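Shown next, in structure tokens, is the structure this report addresses.
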Amino acid sequence: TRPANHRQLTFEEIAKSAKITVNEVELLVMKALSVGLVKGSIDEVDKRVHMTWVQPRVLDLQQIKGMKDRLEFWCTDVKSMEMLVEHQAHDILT
Amino acid sequence: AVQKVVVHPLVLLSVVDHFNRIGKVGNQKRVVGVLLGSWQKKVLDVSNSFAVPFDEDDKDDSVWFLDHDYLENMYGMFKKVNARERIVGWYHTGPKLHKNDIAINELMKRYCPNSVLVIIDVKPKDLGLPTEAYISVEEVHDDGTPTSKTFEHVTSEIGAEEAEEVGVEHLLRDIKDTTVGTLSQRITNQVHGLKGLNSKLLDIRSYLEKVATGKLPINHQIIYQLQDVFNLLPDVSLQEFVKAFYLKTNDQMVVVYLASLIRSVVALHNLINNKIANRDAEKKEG
Amino acid sequence: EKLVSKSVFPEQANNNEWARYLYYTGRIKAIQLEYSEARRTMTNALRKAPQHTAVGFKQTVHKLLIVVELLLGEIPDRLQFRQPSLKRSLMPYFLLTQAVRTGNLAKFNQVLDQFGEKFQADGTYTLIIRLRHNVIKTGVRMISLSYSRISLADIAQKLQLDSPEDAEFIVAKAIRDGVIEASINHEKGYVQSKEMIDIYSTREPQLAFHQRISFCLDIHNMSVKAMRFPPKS
Amino acid sequence: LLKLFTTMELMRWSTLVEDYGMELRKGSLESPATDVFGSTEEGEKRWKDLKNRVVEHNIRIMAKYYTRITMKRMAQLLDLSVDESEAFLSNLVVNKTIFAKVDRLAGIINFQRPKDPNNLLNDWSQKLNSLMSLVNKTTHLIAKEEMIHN
Amino acid sequence: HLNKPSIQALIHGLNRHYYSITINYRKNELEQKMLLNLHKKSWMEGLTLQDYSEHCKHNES
Amino acid sequence: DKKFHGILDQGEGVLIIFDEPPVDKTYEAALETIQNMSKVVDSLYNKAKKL
């Protein structure tokens, strides 16, 4: 549910969702990352668990609909930068 | 499992010939043939092929005929000519698989159990890689779904052994690009990459639209793999990376600057040397 | 000032001329109160002087450069005043630049009283008059270049400003006018200087390399472009 | 007890002794205790070494996963005081057991190595190379399902 | 054109018992395009950034 | 004396240990080259005097 860019998770937000005290959100992520359900890293000075995923989940129509809408944006940018290169370097493009 | 099916240049140049042989008179869809080649650790080497009389009907999509004796006798001759080739699969130039592929593949399984079908899109000449290699697997689909035949995919790559390589290199000899690349060709290598990445992303979008609009079945697998690619993005906006990018971009500009200066002083020196050259010859003419 | 505004000086112009136009524009810009650009053109105009032929032009430009620089808050280069050709010519300005760094207004007025009249002939008296009521800026720069959190009351002590309140307008004004890069936190009366960053990790070095490479490449084109291969005889 | 030392998870010593101390040290008729952790002088030293061995493994799991764990929170997680835990980490770093830089000022035990620019972008490049591979592999799988589900 | 009598052959009987016939290859489109794939790179290539560790070493070198 | 790479900050009573990054030879080869090409541009002048 993270917005992707804000892949960090404040200790409070994790502790509030699972109604688990902050002292054990530290160990909960410790497990979940232990079995192989995550490939992130844990911070304690800030206690935001930086997250990087290699464990995907099954999808849903709305999830896929949402996943495609993001991808339409991605190809829009990939198309735009392609034009800004082909047009720019037309003489050299050869 | 076959990690790769390296298709040699000669096969795709006989298939093209095979398509032309027939389509020129008997206008028809995919032309089916047999694919010979030597095995390796896991990478199947395709080194030659031949045609097999194949006739099909758009009705019932199972009134076909792939000759057995012609396939048997042909290979009887070829093992005589060269003995390192065993029948390893079949090829058809129809860009989209047919309903007849599974049944016919079962046949070619009678000659090579690990049979791989390589679809050569002879007609198209496009982004690239005109070969698509497929296997046959019958699994319980772990995740509780009907069983069926299906064609699993195997990575395809086009390579060349020494002998064909010499022939191919001369065979073009009029459109080959310089191997050095040079600035002109390197940049075109990137406008080409951008066009592809968009093209691949657009095939992804259409399918996601199809699953989104229901017209296609939610794979439930490989569907979230595309979700894997969607998490592996860089997130460049991160400050610590933003600093580290300017450093390397700045680390390189000071070399293009030193490169630029050397090319300038050499340029001026060449004009001064030339200005002396024509001037000295100018006075010396008198 | 108008004529230069609409007119465009041919870029592919004689070095001799390019040097001249830069001085006249520098003179115009300096009077128009566009100081910062006055230095950039005048220093560039000086750089284009015909090495050692024009003892005069270098004399006058240095005359404006020294006065132009002072009004902007920069103490000019000392190697100037010792040079042979400009030694006695700029010595009249010498006593001035010493005055500004000393900030001894009484000394500054004394010089204008004596050497001031000579300035008029050079066509600079007016610019010096600007300085007399602008000597405070540099000392505001000197304080901002060395101190990084100087309390306002301290600024008043080290710049001779009459009151701690008076400096605030001058301290801000120098801050306001971009002679400093500091922020006056009035909550507790301290002129914080800007925390300088690691530029090499920011985009400044790349931009400086671009203007450099564009000119370097252009030099190659200009050299190659002419190359004046005589029509093969 | 064997599994805990192969389980890549934090194992609190006080939990371990409270859970396995009686069965191991004291023993019983059903559990024939061993002389390794007996009350003898040499046994007790082994018991101190078990607390040392347990602490080290908690360190490695700390090093593998954490990046910046404050000294106190690290102290609580090893069952040591602020000072001792500092020494134990220091003895490890000096012996090159693990990589730690105890920023004693703020109580920070940063683990991640300094990030050189050549690696930072290179790691990003590896992400993109894998992503480009996924896009093709997912495309082929997409072109597969369009063919089969005609 | 296309050749001159090769010496390493003129000795083994040419224009004396066997003569050469100009050899010309009927390559046509739809065949060159399929051979161009022999060394063709791919979309991924051209966006791979090299690696900076050996790039910095190479630039320095 | 360049014994160990660090710095003593007095306002916090701390010794900031750190690692010295290399001298990035590439920039040293460029700075030496700039002076090199600075000398060649001079010798171009002399060819220019001949006119």
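Neighbour counts are summed over all protein chains in view; Cβ atoms, including those assigned to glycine, are modelled from backbone coordinates with ideal geometry. Each answer follows from the model by the rule given with it, or from the source it names; none is laboratory data.
Brief remarks follow.
- Selection status of C:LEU71, buried (at least 18 other Cβ atoms within 10 Å of the Cβ), within 18 Å of the chain's Cα centre (by Cα) and closer than 24 Å to C:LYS158 by Cβ: yes
- Among the candidates C:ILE143, C:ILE128, the residue that is assigned to a helix (DSSP H, G or I), touching a strand residue (DSSP E or B) at 6+ places or on another chain (Cβ under 9 Å) and crowded, with 19+ Cβ neighbours inside 10 Å is uniquely C:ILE143.
- If you go through region A:35-50 and keep only what is more than 11 Å from D:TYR66 (Cβ to Cβ) and aliphatic (A, V, I, L, M), you end up with A:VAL35, A:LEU37, A:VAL38.
- Among the residues of region F:1-33, the ones that are exposed (fewer than 12 other Cβ atoms within 10 Å of the Cβ), closer than 25 Å to B:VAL255 by Cβ and among the β-branched types (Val, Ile, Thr) come to 1 in all.
- Pairs are defined by a Cβ separation below 6 Å, a sequence spacing of at least 6 or placement on different chains, a first member in region F:17-31 that is farther than 15 Å from B:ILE262 by Cα, and a second member that is acidic (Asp, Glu); the pairs so defined are F:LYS25/E:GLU60; F:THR26/E:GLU60.
- Residue match in region D:61-72 (condition: farther than 20 Å from A:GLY40 by Cβ, crowded, with 18+ Cβ neighbours inside 10 Å and either more than 7 Å from every other protein chain (Cβ to nearest Cβ) or among the aliphatic types (A, V, I, L, M) (or both)): yes
- Verdict on E:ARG26 being charged (D, E, K, R), surrounded by fewer than 16 Cβ atoms within 10 Å (Cβ to Cβ) and within 12 Å of chain B (Cβ to nearest Cβ): yes
- Evaluation of B:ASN114 against the conditions (1) surrounded by fewer than 20 Cβ atoms within 10 Å (Cβ to Cβ); (2) outside any loop (DSSP other than H, G, I, E, B); (3) in contact (Cβ under 8 Å) with a residue 60 or more places away in the chain shows that the sole unmet condition is (2).
- Scanning region B:223-269 for residues that are within 14 Å of chain D (Cβ to nearest Cβ) and polar (S, T, N, Q) yields B:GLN225, B:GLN227, B:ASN231, B:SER237, B:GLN239, B:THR249, B:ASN250, B:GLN252.
- Filter pass, B:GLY26 being surrounded by 18 or more Cβ atoms within 10 Å (Cβ to Cβ), farther than 22 Å from E:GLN32 by Cα and in the same structural domain as B:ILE120 (by CATH): no
- Residue within region C:190-213 that is away from chain B (no Cβ under 14 Å), surrounded by 14 or more Cβ atoms within 10 Å (Cβ to Cβ) and under 30 Å from C:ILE66 (Cβ atoms) present: yes
- Here the helices (runs of 4 or more DSSP H) wholly within region D:70-150 that include at least 2 residues being among the small types (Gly, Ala, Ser) and in contact with an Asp or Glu (Cβ under 9 Å, 6 or more places away or on another chain) are D:117-148.
- Failed item in (1) closer than 30 Å to D:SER130 by Cβ; (2) surrounded by 13 or more Cβ atoms within 10 Å (Cβ to Cβ); (3) among the charged types (D, E, K, R), with E:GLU54 passing the rest: (2)
- With respect to the conditions (1) within 8 Å of chain B (Cβ to nearest Cβ); (2) within 30 Å of E:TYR52 (Cα to Cα), D:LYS96 lacks only one, and its number is (1).
- Some residue of region F:31-46 being more than 30 Å from B:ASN270 (Cβ to Cβ), more than 9 Å from every other protein chain (Cβ to nearest Cβ) and under 25 Å from the mean Cα position of the chain (by Cα): no
- Among the residues of region E:8-37, those identified as in a helix (DSSP H, G or I) and under 30 Å from B:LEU129 (Cβ atoms) are E:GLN32, E:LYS33, E:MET34, E:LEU35, E:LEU36, E:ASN37.
- Scanning region D:83-131 for residues that are within 20 Å of the chain's Cα centre (by Cα) and of a type in the set (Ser, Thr, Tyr) yields D:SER85, D:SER90, D:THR97.
- Number of residues in region B:160-213 that are surrounded by 12 or more Cβ atoms within 10 Å (Cβ to Cβ), among the acidic types (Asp, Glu) and in a helix (DSSP H, G or I) equals 5.
- Test: A:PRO56 is touching an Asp or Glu at 6+ places or on another chain (Cβ under 6 Å) and either surrounded by fewer than 17 Cβ atoms within 10 Å (Cβ to Cβ) or at the interface with chain B (Cβ under 9 Å from one of its Cβ atoms) (or both): yes
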